[PDB]
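Take a look at this one chain, the form deposited in one PDB entry, written out in structure tokens.
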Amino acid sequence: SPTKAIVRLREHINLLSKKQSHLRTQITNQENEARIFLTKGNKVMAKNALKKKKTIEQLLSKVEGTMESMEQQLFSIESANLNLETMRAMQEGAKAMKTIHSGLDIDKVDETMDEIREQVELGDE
């Protein structure tokens, strides 16, 4: 059903947003590791922590790309649900507009109407 798909996009999105949260802390700690490495004058291990900081940032990027893909899929489902809610409402309204137009067991009117049309409409070809 559309709603099982809905709940699941939300569960996966929620999960990703704290992957996001965890990664950012990890980026913050690589930043702090490289600084401490410089305070011992080890520029190389400070450079290495910076390279590792960059890989975590790329991973974060791809975590946010997954989230966004899921959020747009979610919007499309709920937008399509509202559109279906409209169509069913119009289909039920047209049936109701038909009962009202057939609201005369008596008499004769609507095909008296339909060939007064043909006289008026006859001015066209």
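Sequential numbering from 1, following the sequence displayed. For the two forms, the rigid core is made up of the largest set of C-alpha atoms that agree within 1.5 Å on superposition.
The next section is about a form of this same protein that is not shown, the form deposited in another entry.
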query	finding
Flagged residue of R117, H12, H22, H101 - C-alpha shift reaching 2 Å or more between this form and the one not shown, core superposed	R117
Direction of Cα pair change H101-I106 in the other entry, magnitude 3 angstroms or more	closer
Shift in CA distance, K98 and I106, in the other entry relative to the form shown here, given it is 3 Å or more	closer
